[PDB]
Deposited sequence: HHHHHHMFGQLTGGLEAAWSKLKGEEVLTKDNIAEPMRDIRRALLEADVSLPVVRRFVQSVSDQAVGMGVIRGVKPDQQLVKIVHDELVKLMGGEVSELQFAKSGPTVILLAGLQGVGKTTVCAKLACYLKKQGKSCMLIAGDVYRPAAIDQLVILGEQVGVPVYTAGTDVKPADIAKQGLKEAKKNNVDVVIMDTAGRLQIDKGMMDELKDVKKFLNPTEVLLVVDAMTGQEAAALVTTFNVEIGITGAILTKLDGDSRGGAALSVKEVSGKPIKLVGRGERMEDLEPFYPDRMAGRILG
């Protein structure tokens, strides 16, 4: 056993190599060690307890998108700057259009240059309408008007793109709250970059506490990062990662498989 205390500090190094947030690391090592003490072959057995704990922490099995029973399903996307929100918007429409669902995007980024035009172009590629507003109608009001347009056209799914914002930017987080309040969304998905480092746990927690999320989308998995940011999402927020992106093409949206992520993190 406490010969296994030795490789136990070795998987701490490996998890920290993999960008896993230090408080998540600590609870993982202690949770695994306590099971190692009671569980009582011994080498294959520690590998199994570790792989199994990663899979459990990250949701066990796939979490499906949940849809509104009686109206349009409303999906709000949010996240830090550059993580891939606008691309994921159109990817998501491409993904849900393939399930027979009719879609509509909402151009809610009025700050970044050419952001609306970026979303409008991607929408034309996947063949979904994009709702846009004039200059000087704020994001909370384009949420209101875009949602009304969606209900009038009997759309199955509404997907709202938002500008990137710092989770510590009180004004912009307050704006995100207002967007959510007027959208009344079925899903609020945090978009998280798979290369994200140690801030990932604090990032999810702030978004979940100030906005309240229902899940997450992990992007840029065609990179070569180990993706330890994935381990924090369900552990600090209770909500699963539901989808991953692995490329720039509109089709590169897939379900999140806790099992596959586990092997990638210890890869």
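Checklist line | Non-modelled portions of the deposited polymer sequence, in sequence order | finding: Those stretches are 1-29, 70-74, listed in order.
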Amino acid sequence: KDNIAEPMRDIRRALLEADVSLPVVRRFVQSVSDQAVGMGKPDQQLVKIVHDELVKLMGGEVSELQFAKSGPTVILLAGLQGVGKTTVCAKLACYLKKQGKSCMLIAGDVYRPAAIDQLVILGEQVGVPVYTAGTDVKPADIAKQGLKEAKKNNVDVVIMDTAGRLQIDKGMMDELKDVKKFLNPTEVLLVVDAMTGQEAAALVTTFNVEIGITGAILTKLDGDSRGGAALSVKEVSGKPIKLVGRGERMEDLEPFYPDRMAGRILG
From here on, numbers count along this sequence of modelled residues.
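Note to self: Highest mean C-alpha temperature factor of the two stretches 221-229 and 65-73, which is it?
What the structure shows: The deposited B-factors put 65-73 ahead on the C-alpha mean.
Check: Between 210-218 and 27-35, which has the higher average C-alpha B-factor in the PDB entry?
Finding: Looking at the record's C-alpha B-factors, the answer is 27-35.
Item checked: Deposited CA B-factor, highest of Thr87, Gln81, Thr132, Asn153 -> Max CA B-factor in the entry, restricted to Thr87, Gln81, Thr132, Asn153: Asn153.
Check: If you rank the chain by CA B-factor, which third does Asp178 end up in: lowest, middle or highest?
Finding: Within its chain, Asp178 is a highest-third residue by C-alpha B-factor, going by the deposited values.
Next item on the list: Looking at the entry's B-factor column for C-alpha atoms only, identify whether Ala18 ranks in the lowest, middle or highest third of its chain.
Entry: CA B-factor rank for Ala18: middle third.
Next item on the list: Classify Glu199 as lowest, middle or highest third according to the C-alpha B-factor given in the PDB entry, relative to its own chain.
Entry: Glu199: CA B-factor falls in the lowest third of its chain.
Next item on the list: State the tercile, meaning the lowest, middle or highest third, of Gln167 with respect to the CA B-factors recorded for its chain.
Entry: Lowest third, going by the recorded CA B-factors of the chain.
Notebook entry, point to check: Within this chain, which third does the Cα B-factor at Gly146 fall in: lowest, middle or highest?
Noted result: As the PDB entry reports it, the C-alpha B-factor of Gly146 lands in the middle third of its chain.
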